[PDB]
Structure formats: C-alpha cells, structure tokens
Amino acid sequence: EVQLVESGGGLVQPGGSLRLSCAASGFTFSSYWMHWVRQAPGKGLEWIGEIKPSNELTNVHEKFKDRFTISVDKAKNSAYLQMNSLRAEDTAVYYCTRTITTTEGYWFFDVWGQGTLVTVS
Amino acid sequence: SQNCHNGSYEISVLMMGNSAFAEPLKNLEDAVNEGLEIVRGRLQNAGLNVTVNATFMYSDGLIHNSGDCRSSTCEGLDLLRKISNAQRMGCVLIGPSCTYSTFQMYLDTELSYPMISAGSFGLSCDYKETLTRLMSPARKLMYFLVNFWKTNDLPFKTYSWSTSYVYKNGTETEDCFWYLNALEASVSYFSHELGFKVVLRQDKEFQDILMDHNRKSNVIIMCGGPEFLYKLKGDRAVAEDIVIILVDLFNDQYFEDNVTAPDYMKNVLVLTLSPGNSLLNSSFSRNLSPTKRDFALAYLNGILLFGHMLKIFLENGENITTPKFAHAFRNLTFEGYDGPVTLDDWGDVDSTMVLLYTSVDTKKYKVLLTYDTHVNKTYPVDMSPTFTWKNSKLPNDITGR
Amino acid sequence: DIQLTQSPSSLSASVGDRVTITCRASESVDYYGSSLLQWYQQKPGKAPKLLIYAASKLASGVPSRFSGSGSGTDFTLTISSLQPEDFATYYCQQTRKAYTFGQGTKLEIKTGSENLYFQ
Ligand SMILES: *[C@@H]1O[C@H](CO)[C@@H](O[C@@H]2O[C@H](CO)[C@@H](O[C@@H]3O[C@H](CO)[C@@H](O)[C@H](O)[C@H]3NC(C)=O)[C@H](O)[C@H]2NC(C)=O)[C@H](O)[C@H]1NC(C)=O
C-alpha cells in the first residue's frame with residue numbers, strides 16, 4: 001500500500017524554525033514528485049512547493065522561496081520541509097502529497113499524509 | 001496507429017516559419033497538393049483503391065524542447081502536448097528541421113515516424129536512421145571540395161590544394177550558413193584534410209586579402225550569389241593568381257543562353273547543382289522563382305517518395321506502421337517531378353554538382369567538371385578551358401614566391 | 001497564479017437530492033483540448049481525496065453519482081442522489097499553471113432527524 005506519514009508539527013515562537021518530515025512507504029520514491037501543501041482556516045489549501053527525489057530538483061513557490069526549503073533523504077525514503085522565520089500567518093495543518101501521471105498524461109495529487117499541525121504564537 | 005490504416009493514409013506536413021523559408025506557405029501547400037494529385041493518379045493506375053490525405057500541421061513556433069524544464073508541471077505539460085501531436089501524426093512527417101522532433105522521435109508514435117526533410121543541411125543530421133533529406137546536405141558539398149582539392153591529375157588542375165580561406169559574415173541564407181559551418185567545424189572532413197584554414201568574418205578581411213601579396217592562400221570559398229560577391233569585392237582589383245569558389249547550388253541563371261558573365265566573375269569558379277533536367281515549363285514553376293523553387297520541389301518529391309514507398313509496401317503486401325517502412329527510405333531511385341531522384345544508403349539526395357568557369361573568349365559560363373555524389377567521383381568536362389589565369393590553368397593553392 | 005473561485009461558500013440538502021458546486025478560474029485552465037481541472041473531497045478529519053480529474057474523468061473507485069463538467073474558466077461538480085457519506089468540504093484544483101485550489105464549498109446538512117453541519 002502507498003502511504004505517506006508526517007511528523008515534526010507542534011508549537012513554535014515567532015521568528016523560530018521547524019523541520020517537517022514526510023516518511024514514505026510502499027513505492028519507488030525517486031520517480032514521483034513530492035509536494036508540500038498547507039491548510040489554514042479561511043485559507044483553504046495552499047501549495048508550498050515540490051521536489052523530484054531522483055535528481056533532487058526543487059521548485060518552491062515565490063511566496064515561500066525566501067524562508068521555506070524542500071529536501072529529500074533517498075536512503076530514508078523521506079521528504080522534508082524546513083520552515084524558517086515563522087509568523088502567526090504560518091499557523092496551519094501541513095500536508096505532504098505526491099503527483100501521479102495517468103496513461104493519458106493527466107497529473108494530480110493522489111495520496112496524502114495524515115497531516116501535522118504547526119502553531120505559531 | 002489511427003490515420004495509417006486500410007484505405008486511409010495521412011501525411012503530416014510541418015509548415016514552420018521565419019526560417020530560410022518564411023515564403024508563402026500557400027506556395028508550399030500548392031506544391032504538396034500537386035504532389036498528392038500525382039500520387040493519387042499513380043496509385044489508381046497501379047489498381048490500388050486507396051485514399052491519401054494530408055494533415056497540414058502549421059507551426060511557426062521554434063519553441064524550446066523538453067531539455068529545459070523549470071518544474072514538474074513543465075514535464076507533464078510537455079507530455080500532454082506530445083500525446084495530442086502523436087494521435088494526429090500520420091504515416092510520414094515532411095518538414096524543414098531536424099532535432100526538436102528527436103526527443104519525440106523516441107516517443108512510440110508509429111515506430112519512429114519516417115521523416116522526410118526538405119532541409120537539415122547541417123552535419124548534426126548526418127547518419128540519422130529515420131531521416132531522409134531531399135536537398136544536398138553540407139556533407140556532400142564537403143566531399144566534393146576534398147576530392148577537388150586532392151585532384152592534381154587534370155591538364156588544367158596540376159596542383160593538389162592544401163590551403164584555403166572561408167568567408168563567413170553571418171548575414172548569409174540558412175543553406176549558405178550551414179554549408180560554410182561544415183567547412184568551419186574543426187571535426188569536419190574538410191578541416192581534417194586542410195593544413196591551413198582561416199575563417200574570414202569581416203568584409204574588410206576579405207577585401208584586404210584580394211590585394212595582399214603576403215596572403216597564405218590563393219583560394220577563397222564563399223556562399224551566395226554573384227551580386228553578393230560584387231557588393232563585397234567592390235571596385236577593388238583581384239590578384240592574378242586568386243581563385244574564388246562561389247557556392248550557389250540552387251541558382252539556374254548560369255545555364256541560361258542569354259547570360260553574359262559580369263567582369264568580376266572572372267577569377268570565380270561557381271559551384272552549383274546540375275540545372276533541373278527540365279526548367280521553366282509548368283505554370284507554377286513560372287511564378288515561384290528563387291532557390292525556394294527547389295525548397296518547395298523537395299516538399300513535392302517528398303509526397304512522391306511516400307507515394308512510391310506506399311505502393312511498393314502494399315504491392316509486396318506489408319504494413320506501414322512497421323519500423324521497416326520507417327527505415328526504408330534509402331538506397332532507392334524513385335520517380336520525381338522533374339526526373340529520377342536517387343537516395344544514398346543514409347537517405348540523402350544524390351546530385352550532380354557542376355563547377356563552372358568564366359570563358360575569357362565568350363564571356364559565358366562553361367562547365368569545367370561534374371561530380372556525382374552517388375559514386376563520389378569527379379568527371380572532367382572541359383579539358384582545355386579558357387581561364388584568365390596563366391597558361392589557362394588553375395594556379396597553385398600557395399603564393400608562388 | 002490562476003485564482004479559483006467556488007460558488008456557493010456553503011450549502012444544505014437532504015439524502016437523495018441533486019446538488020451543484022461551481023468553480024471559476026481567473027484564466028483558462030485548458031491545454032490541447034483538455035481542461036486541467038480536478039475536484040477533491042476533503043472529508044472531516046481526513047485528507048483531500050481525488051473525485052474528478054481532467055474536468056470530467058471519474059477517479060478509480062469513486063461512485064458514478066459524482067460528475068464533472070465545463071471548459072476554459074467555468075466548471076461544475078454535480079452530485080446526484082446525495083448519500084450521507086457525500087457530506088464533506090468540496091474543493092476545485094487546477095494543474096495548468098503550478099498548483100492552486102479553490103476556497104472550498106461546504107456541503108453541511110439535514111439527513112433526517114440526524115443533521116450533519118460544519119462550523
Ligand atoms: C562517398 O560515399 C559515402 C556516402 O555516399 C561516404 O560515406 C562514408 O561511409 C559511411 C556512410 O556510407 C559513414 O560511416 C559510418 O558507417 C557506419 C556503418 O554501420 C555507421 O554506423 C556510422 O554511424 C558512420 N560513421 C560514423 C562514425 O558516424 C562515413 O562516415 C561516410 N564518410 C564520411 C567521411 O563521413 C564517403 O565519405 C564518400 N567518399 C568517399 C570516397 O569516402
């Protein structure tokens with residue numbers, strides 16, 4: 001079974017840093033692009049960025065590029081989200097997800113992590 | 001495997017733009033349509049009740065391929081543009097370029113879609129397994145020049161040449177740019193077979209060498225028309241022992257009876273292709289007139305080559321989706337528009353090349369020698385030419401001190 | 001970024017009813033005849049789950065009562081014969097330019113004497 005397990009969430013003071021982990025199970029990690037998506041009340045869902053584990057090519061959205069960093073540990077089959085200079089606006093439920101391409105060439109998020117809450121106060 | 005089935009044969013025609021040929025794609029479209037009518041006639045006459053239609057995939061994009069991918073989305077988008085193109089693509093792809101189609105040449109498609117290019121002069125296209133070139137590649141021009149340079153057994157050419165100047169300013173036509181690029185490239189057969197070779201990039205550099213008694217070579221190779229040489233040379237005189245090899249492969253003006261030579265094309269040897277065995281006849285040949293007559297002609301012969309291969313494969317009784325069809329566009333002589341068109345083992349158009357000279361007595365262009373690219377052999381035509389040079393013989397490659 | 005606006009913000013219906021949720025894009029999400037629009041169902045407590053992809057294609061295992069429609073900038077998710085299990089928070093998602101989601105529509109309701117709201 002394809003699975004994504006998250007950890008590292010909790011309380012952080014403003015200006016502080018936090019590292020999230022996306023442990024993966026039951027698949028070829030290098031092949032699928034790993035993404036980080038946050039969810040805050042009245043903010044719906046928000047895409048942070050992505051990483052191709054095969055060549056470690058990262059693509060973080062312009063809004064988070066300055067303080068958010070996405071990395072992978074190929075040996076541990078895991079993706080990570082390093083968040084720096086955290087503010088009250090970063091208080092959200094963080095998710096790790098993967099994109100799958102169908103036979104017809106359509107790509108989307110299929111499997112998601114259980115989610116981990118990050119609180120900034 | 002959708003547009004190449006039982007009595008349904010489709011030809012994918014790429015009509016790009018802002019290349020050498022930005023010329024009304026209507027002309028090119030009219031050439032393709034004329035070719036289709038001959039093919040339909042040929043197949044109906046062979047007793048084959050099949051339909052041949054053409055999908056005109058107009059582009060004029062010159063977009064960057066999958067090599068550059070900013071993100072994952074980029075890749076996914078590339079793959080979706082690919083599948084759409086693959087489903088619409090037919091039996092054969094007739095187009096003007098070479099390698100943007102090569103990341104998608106390895107996509108399944110119809111087992112490396114037989115590609116027929118009416119261009120792709122560059123050395124980068126040499127030896128490609130599914131590529132057919134219906135216009136003389138730079139490789140064939142290079143083979144002629146090396147063979148001609150080594151020749152020292154002719155009564156007019158008594159020296160083996162080893163030195164040359166290659167004029168290239170960067171304002172030439174696409175064909176000329178690639179031909180001069182092949183002579184410029186260090187890895188080329190010409191460069192390997194040349195002990196002294198210097199590329200002249202400025203108009204002043206060329207002009208200064210025409211008079212310099214201390215020059216390292218008497219031979220200058222350039223591409224373009226006689227009007228280009230006149231503007232470049234100007235009122236400046238040319239040293240009595242200088243040979244200018246003007247590469248103008250797609251100009252039939254030299255074979256017209258009313259043509260007198262200018263008085264500057266006297267120390268000039270013109271390398272052109274054998275005149276179209278038939279010229280100035282059809283209504284459409286009368287209105288399409290530059291070297292683009294030959295550009296459009298390849299497009300027409302491309303349809304005829306497909307029609308010839310379609311008949312053959314169906315006669316024997318095989319399929320077209322086979323990778324065989326794809327790798328079966330070489331070592332053949334098919335029936336073109338103006339005559340028989342022969343393709344070598346690599347799928348390139350063999351041609352007869354003609355080296356012309358200005359006769360001092362008549363002031364007319366005369367055939368000095370011919371070069372068959374199929375057998376890679378030179379045949380002398382005029383054994384006693386009337387040159388401007390001493391004793392009516394080609395001077396030595398180095399300055400005779 | 002391609003902004004996705006959903007309508008309504010929240011809606012209520014009974015078990016067996018036919019419901020419609022609309023998604024409007026700031027710019028066309030189409031590419032070579034395909035509309036790169038997805039429909040995700042986020043059940044309370046759980047993580048987003050794909051229902052519809054490529055504007056109308058049903059994901060593996062998703063019931064036939066869910067259906068997607070539309071092109072360019074306007075899209076519609078239709079849930080016919082609503083079942084109690086189809087009462088979560090629905091979202092639209094586009095893949096044309098990077099990845100963006102709609103604000104979300106909430107299907108909170110009345111079943112019988114059992115009422116399943118959201119707040
Ligand atoms: C006159 O005729 C020939 C073509 O009309 C020229 O051909 C040389 O032979 C081969 C092609 O016919 C090329 O060589 C290699 O052949 C192997 C065969 O299995 C291919 O895989 C290779 O890809 C191809 N070479 C490479 C390293 O890619 C030759 O390269 C081609 N010649 C040259 C110099 O390029 C003859 O050159 C030409 N004249 C004479 C007298 O040689």
# chains A, B, ... in the order shown; residues from 1 in each chain; ligands from 1
call {"tool": "interface_residues", "arguments": {"of": "chain B", "to": "chain C", "cutoff": "8 Å", "atoms": "only C-alpha atoms", "output": "CSV table (one decimal) with N, CA and C atoms, in the first residue's frame"}}
result
chain,number,residue,atom,x,y,z
B,73,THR,N,5.5,20.4,-13.5
B,73,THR,CA,4.3,20.8,-14.3
B,73,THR,C,4.7,20.9,-15.8
B,77,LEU,N,3.0,18.9,-18.8
B,77,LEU,CA,2.5,19.8,-19.9
B,77,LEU,C,3.1,19.3,-21.3
B,80,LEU,N,1.6,16.0,-22.5
B,80,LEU,CA,0.2,16.3,-23.0
B,80,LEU,C,0.2,16.9,-24.4
B,81,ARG,N,1.2,17.8,-24.7
B,81,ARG,CA,1.3,18.4,-26.0
B,81,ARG,C,1.8,17.3,-27.0
B,84,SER,N,-1.2,14.6,-28.0
B,84,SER,CA,-2.1,15.3,-29.0
B,84,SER,C,-1.5,15.2,-30.4
call {"tool": "residues_near_ligand", "arguments": {"ligand": "ligand 1", "cutoff": "8 Å", "atoms": "only C-alpha atoms and all ligand atoms", "output": "JSON, numbers by chain"}}
result
{"B": [126, 127, 139, 140, 143, 189, 344, 345, 346, 350, 373, 374, 375, 376, 377]}
call {"tool": "write_last_selection", "arguments": {"atoms": "N, CA, C and O atoms", "output": "mmCIF file, in the first residue's frame"}}
result
data_model
loop_
_atom_site.group_PDB
_atom_site.id
_atom_site.type_symbol
_atom_site.label_atom_id
_atom_site.label_comp_id
_atom_site.auth_asym_id
_atom_site.auth_seq_id
_atom_site.Cartn_x
_atom_site.Cartn_y
_atom_site.Cartn_z
ATOM 1 N N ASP B 126 23.487 14.133 -40.086
ATOM 2 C CA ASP B 126 24.091 13.031 -40.811
ATOM 3 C C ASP B 126 23.904 11.723 -40.081
ATOM 4 O O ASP B 126 23.966 11.671 -38.852
ATOM 5 N N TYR B 127 23.648 10.675 -40.858
ATOM 6 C CA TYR B 127 23.531 9.293 -40.423
ATOM 7 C C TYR B 127 22.309 8.979 -39.531
ATOM 8 O O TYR B 127 22.327 7.975 -38.816
ATOM 9 N N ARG B 139 27.486 17.747 -46.093
ATOM 10 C CA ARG B 139 28.373 16.589 -46.178
ATOM 11 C C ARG B 139 28.773 16.305 -47.632
ATOM 12 O O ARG B 139 29.943 16.028 -47.893
ATOM 13 N N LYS B 140 27.806 16.384 -48.566
ATOM 14 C CA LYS B 140 28.031 16.136 -49.992
ATOM 15 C C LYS B 140 28.874 17.220 -50.648
ATOM 16 O O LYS B 140 29.705 16.906 -51.501
ATOM 17 N N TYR B 143 32.432 16.669 -49.443
ATOM 18 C CA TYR B 143 33.042 15.559 -50.176
ATOM 19 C C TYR B 143 33.548 15.976 -51.533
ATOM 20 O O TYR B 143 34.556 15.433 -51.984
ATOM 21 N N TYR B 189 35.442 16.691 -42.242
ATOM 22 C CA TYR B 189 36.379 16.029 -43.150
ATOM 23 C C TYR B 189 37.247 17.035 -43.914
ATOM 24 O O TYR B 189 38.409 16.741 -44.183
ATOM 25 N N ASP B 344 20.907 7.889 -51.341
ATOM 26 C CA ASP B 344 22.018 7.027 -50.928
ATOM 27 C C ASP B 344 21.637 6.089 -49.774
ATOM 28 O O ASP B 344 20.468 6.034 -49.392
ATOM 29 N N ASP B 345 22.628 5.366 -49.211
ATOM 30 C CA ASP B 345 22.444 4.441 -48.092
ATOM 31 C C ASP B 345 21.975 5.124 -46.807
ATOM 32 O O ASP B 345 21.443 4.442 -45.937
ATOM 33 N N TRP B 346 22.189 6.449 -46.675
ATOM 34 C CA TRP B 346 21.777 7.219 -45.495
ATOM 35 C C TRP B 346 20.483 7.993 -45.669
ATOM 36 O O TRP B 346 20.019 8.637 -44.722
ATOM 37 N N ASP B 350 21.178 12.222 -53.857
ATOM 38 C CA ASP B 350 22.406 12.295 -54.613
ATOM 39 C C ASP B 350 22.176 13.278 -55.728
ATOM 40 O O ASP B 350 21.068 13.386 -56.260
ATOM 41 N N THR B 373 27.573 12.658 -56.621
ATOM 42 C CA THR B 373 27.623 12.391 -55.179
ATOM 43 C C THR B 373 27.259 10.940 -54.824
ATOM 44 O O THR B 373 27.495 10.518 -53.690
ATOM 45 N N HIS B 374 26.666 10.189 -55.774
ATOM 46 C CA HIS B 374 26.288 8.787 -55.579
ATOM 47 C C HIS B 374 27.513 7.874 -55.574
ATOM 48 O O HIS B 374 27.612 6.993 -54.717
ATOM 49 N N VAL B 375 28.445 8.095 -56.518
ATOM 50 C CA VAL B 375 29.676 7.309 -56.649
ATOM 51 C C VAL B 375 30.908 8.040 -56.084
ATOM 52 O O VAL B 375 31.988 7.451 -56.026
ATOM 53 N N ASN B 376 30.737 9.317 -55.671
ATOM 54 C CA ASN B 376 31.757 10.197 -55.075
ATOM 55 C C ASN B 376 32.965 10.363 -56.021
ATOM 56 O O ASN B 376 34.117 10.432 -55.589
ATOM 57 N N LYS B 377 32.652 10.532 -57.324
ATOM 58 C CA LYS B 377 33.624 10.653 -58.404
ATOM 59 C C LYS B 377 33.475 11.921 -59.249
ATOM 60 O O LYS B 377 32.361 12.305 -59.614
#
call {"tool": "interface_residues", "arguments": {"of": "chain A", "to": "chain C", "cutoff": "10 Å", "atoms": "only C-alpha atoms", "output": "list in words"}}
result
residues 35, 37, 42, 43, 44, 45, 46, 47, 48, 49, 50, 59, 61, 95, 97, 105, 106, 107, 108, 109, 110, 111, 112, 113, 114 and 115 of chain A
call {"tool": "write_last_selection", "arguments": {"atoms": "N, CA, C and O atoms", "output": "compact mmCIF listing (two decimals), in the first residue's frame"}}
result
# COMPACT_ATOMS: atom_id res chain seq x y z
N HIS A 35 5.36 16.91 -2.94
CA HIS A 35 4.83 18.26 -2.69
C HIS A 35 4.47 18.50 -1.23
O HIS A 35 4.15 17.57 -0.50
N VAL A 37 1.74 20.90 0.92
CA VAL A 37 0.51 21.69 0.83
C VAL A 37 0.00 22.03 2.23
O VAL A 37 -0.26 21.13 3.02
N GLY A 42 -9.99 29.49 6.68
CA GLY A 42 -10.29 30.61 5.79
C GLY A 42 -9.21 30.88 4.75
O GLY A 42 -9.16 31.96 4.17
N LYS A 43 -8.33 29.88 4.52
CA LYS A 43 -7.23 29.94 3.56
C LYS A 43 -7.30 28.75 2.59
O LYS A 43 -6.50 28.68 1.65
N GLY A 44 -8.26 27.85 2.82
CA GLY A 44 -8.49 26.65 2.04
C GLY A 44 -7.25 25.77 2.03
O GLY A 44 -6.75 25.41 3.09
N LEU A 45 -6.72 25.49 0.84
CA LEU A 45 -5.49 24.72 0.66
C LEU A 45 -4.49 25.56 -0.13
O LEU A 45 -4.89 26.34 -1.00
N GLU A 46 -3.20 25.45 0.21
CA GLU A 46 -2.14 26.26 -0.38
C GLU A 46 -0.92 25.41 -0.72
O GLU A 46 -0.37 24.76 0.16
N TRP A 47 -0.50 25.44 -1.99
CA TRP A 47 0.67 24.70 -2.46
C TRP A 47 1.94 25.49 -2.11
O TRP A 47 2.05 26.66 -2.47
N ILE A 48 2.87 24.85 -1.39
CA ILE A 48 4.13 25.47 -0.96
C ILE A 48 5.21 25.27 -2.03
O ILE A 48 5.83 26.25 -2.46
N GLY A 49 5.43 24.02 -2.43
CA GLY A 49 6.43 23.67 -3.42
C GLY A 49 6.53 22.19 -3.72
O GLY A 49 5.68 21.41 -3.28
N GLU A 50 7.59 21.80 -4.47
CA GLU A 50 7.84 20.42 -4.89
C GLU A 50 9.30 20.01 -4.97
O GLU A 50 10.19 20.87 -4.95
N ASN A 59 11.44 23.05 -6.58
CA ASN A 59 10.65 24.14 -7.13
C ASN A 59 9.67 24.63 -6.07
O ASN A 59 8.59 24.06 -5.89
N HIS A 61 7.32 27.71 -4.50
CA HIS A 61 6.53 28.86 -4.93
C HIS A 61 7.18 30.16 -4.41
O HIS A 61 7.70 30.17 -3.30
N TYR A 95 0.50 19.32 4.99
CA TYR A 95 0.36 18.03 4.30
C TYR A 95 1.49 17.80 3.32
O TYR A 95 1.96 18.74 2.68
N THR A 97 2.22 15.41 -0.12
CA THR A 97 1.49 14.65 -1.13
C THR A 97 2.37 14.40 -2.37
O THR A 97 3.41 15.03 -2.52
N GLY A 105 -1.80 10.95 -19.72
CA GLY A 105 -0.93 12.09 -19.43
C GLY A 105 -1.44 13.14 -18.47
O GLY A 105 -0.91 14.26 -18.46
N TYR A 106 -2.44 12.80 -17.63
CA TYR A 106 -3.00 13.73 -16.65
C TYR A 106 -2.36 13.54 -15.28
O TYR A 106 -2.30 12.41 -14.78
N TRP A 107 -1.87 14.64 -14.67
CA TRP A 107 -1.21 14.61 -13.36
C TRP A 107 -1.99 15.36 -12.29
O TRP A 107 -2.60 16.40 -12.57
N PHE A 108 -1.98 14.82 -11.05
CA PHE A 108 -2.70 15.32 -9.87
C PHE A 108 -2.19 14.67 -8.59
O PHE A 108 -1.50 13.65 -8.65
N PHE A 109 -2.59 15.22 -7.42
CA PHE A 109 -2.25 14.65 -6.12
C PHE A 109 -3.19 13.46 -5.88
O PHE A 109 -4.40 13.62 -6.01
N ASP A 110 -2.63 12.28 -5.58
CA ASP A 110 -3.46 11.09 -5.36
C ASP A 110 -3.44 10.61 -3.90
O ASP A 110 -4.50 10.33 -3.34
N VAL A 111 -2.24 10.51 -3.30
CA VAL A 111 -2.03 10.05 -1.93
C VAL A 111 -1.46 11.20 -1.09
O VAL A 111 -0.54 11.89 -1.52
N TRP A 112 -2.06 11.41 0.09
CA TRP A 112 -1.70 12.47 1.03
C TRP A 112 -1.33 11.90 2.39
O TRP A 112 -1.79 10.82 2.76
N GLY A 113 -0.56 12.68 3.16
CA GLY A 113 -0.21 12.34 4.53
C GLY A 113 -1.38 12.62 5.44
O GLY A 113 -2.35 13.26 5.03
N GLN A 114 -1.32 12.14 6.70
CA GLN A 114 -2.41 12.35 7.67
C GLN A 114 -2.53 13.82 8.10
O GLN A 114 -3.59 14.24 8.57
N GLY A 115 -1.45 14.58 7.92
CA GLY A 115 -1.37 15.98 8.27
C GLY A 115 -0.73 16.20 9.63
O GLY A 115 -0.85 15.35 10.51
call {"tool": "residues_around", "arguments": {"residues": "residue 98 (chain B)", "least_positions_apart": "4", "cutoff": "10 Å", "atoms": "only C-alpha atoms", "output": "JSON, numbers by chain"}}
result
{"B": [102, 115, 116, 117, 119, 120, 121, 122, 124, 125, 128, 131, 133]}
call {"tool": "residues_around", "arguments": {"residues": "region 5-21 of chain A", "least_positions_apart": "5", "cutoff": "9 Å", "atoms": "only C-alpha atoms", "output": "ChimeraX atom specification"}}
result
/A:78-88,93-96,112-121
call {"tool": "select_by_dssp", "arguments": {"residues": "region 4-65 of chain A", "states": "strand (DSSP E)", "output": "VMD selection string"}}
result
chain A and resid 4 to 7 11 to 12 18 to 25 34 to 39 46 to 52 57 to 60
call {"tool": "interface_residues", "arguments": {"of": "chain B", "to": "chain A", "cutoff": "8 Å", "atoms": "only C-alpha atoms", "output": "MDAnalysis selection string"}}
result
chainID B and resid 70:72 76 79:80 83
call {"tool": "residues_around", "arguments": {"residues": "residue 328 (chain B)", "least_positions_apart": "3", "cutoff": "12 Å", "atoms": "only C-alpha atoms", "output": "PyMOL selection string"}}
result
chain B and resi 92+112-116+129-132+305-306+308-310+312-313+320-325+331-332+343-347
call {"tool": "closest_residue", "arguments": {"among": "B:186, B:147, B:173, B:388", "to": "residue 238 (chain B)", "atoms": "only C-alpha atoms"}}
result
B:388
call {"tool": "closest_residue", "arguments": {"among": "B:220, B:15, B:38, B:280", "to": "residue 56 (chain B)", "atoms": "only C-alpha atoms"}}
result
B:15
call {"tool": "atom_distance", "arguments": {"atom1": "CA of residue 74 (chain A)", "atom2": "CA of residue 75 (chain B)"}}
result
21.7 Å
call {"tool": "residues_around", "arguments": {"residues": "residue 368 (chain B)", "least_positions_apart": "6", "cutoff": "7 Å", "atoms": "only C-alpha atoms", "output": "list in words"}}
result
residues 355, 356, 357, 380, 381 and 382 of chain B
call {"tool": "write_last_selection", "arguments": {"atoms": "N, CA, C and O atoms", "output": "CSV table (one decimal), in the first residue's frame"}}
result
chain,number,residue,atom,x,y,z
B,355,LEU,N,31.0,22.5,-61.5
B,355,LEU,CA,31.9,23.5,-61.2
B,355,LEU,C,32.0,24.3,-62.5
B,355,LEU,O,32.4,23.7,-63.6
B,356,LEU,N,31.6,25.6,-62.5
B,356,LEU,CA,31.5,26.4,-63.7
B,356,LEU,C,32.7,27.5,-63.7
B,356,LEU,O,33.1,27.9,-62.6
B,357,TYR,N,33.1,27.9,-64.9
B,357,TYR,CA,34.1,28.9,-65.0
B,357,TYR,C,33.7,29.9,-66.1
B,357,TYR,O,32.9,29.6,-67.0
B,380,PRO,N,35.8,15.2,-65.6
B,380,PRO,CA,36.2,16.5,-66.3
B,380,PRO,C,35.4,16.7,-67.6
B,380,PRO,O,35.3,15.7,-68.4
B,381,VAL,N,34.8,17.9,-67.8
B,381,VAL,CA,34.0,18.2,-69.0
B,381,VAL,C,34.9,19.0,-70.0
B,381,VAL,O,35.0,18.5,-71.1
B,382,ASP,N,35.5,20.1,-69.6
B,382,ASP,CA,36.4,20.9,-70.4
B,382,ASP,C,37.9,20.6,-70.1
B,382,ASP,O,38.4,20.9,-69.1
call {"tool": "atom_distance", "arguments": {"atom1": "CA of residue 257 (chain B)", "atom2": "CA of residue 339 (chain B)"}}
result
22.2 Å
